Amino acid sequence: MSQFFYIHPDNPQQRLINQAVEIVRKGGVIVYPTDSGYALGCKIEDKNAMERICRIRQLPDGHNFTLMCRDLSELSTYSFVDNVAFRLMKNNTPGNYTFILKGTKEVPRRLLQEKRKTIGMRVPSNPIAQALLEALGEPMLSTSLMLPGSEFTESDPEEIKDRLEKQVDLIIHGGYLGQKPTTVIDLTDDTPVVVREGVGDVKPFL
């Protein structure tokens, strides 16, 4: 069953961070905190893991997977970012947003949305998430942890534990978070499209 780590929100214990990354490198699926609710994460090339996350999230058809990245530099490696895209994301990072872009060749084809060959890019602003990525050395395949059917994110470690203790390999208690998901902005076309109005202000993209 799932392990359960209590990690300090501001000063993450390195030992637990490393342990979590190890679980991910071994192909496990973890629940971790972000500035915008809890999220599900796994290694990029682990198909089985991807499959598990997809079923917990019940990702709608046409909905993109998410690549949790350390910063814009890393993000520009996994997705096509032109000058305008960069300009729009520059001051609206980190946190609060998920940007839909075209994935580069560095992204497993099975992760791209079949139609448009797109994928969500997201840079978390919280210490724990940032520490997990730094330890991993690459983006983490993820999706927000939405209570099925719902429009809001899980935010309670205990509640998450009761619901998924037998479905994930690790649950990282990073505090009681917010419930409003990230604001999703599609940047693949000439006019930014607000896919979902979450915690992030949509004004910069109007």
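Position 1 is the first residue in the sequence shown; the rest follow in order.
- For the pair 84-92 and 125-133, the record assigns the higher mean C-alpha temperature factor to 84-92.
- Per-stretch averaging of Cα B factors for 177-185 and 43-51 places 43-51 on top.
- Ranking 154, 35, 169, 162 by Cα temperature factor from the entry places 162 first.
- In this PDB entry, the Cα temperature factor of residue 4 sits in the middle third of its chain's modelled residues.
- Remark: residue 64 belongs to the middle third of its chain, ranked by C-alpha B-factor as recorded.
- Per-chain ranking of the deposited C-alpha B factor places residue 56 in the middle third.
- In the PDB entry, residue 13 places in the middle third of its chain by CA B-factor.
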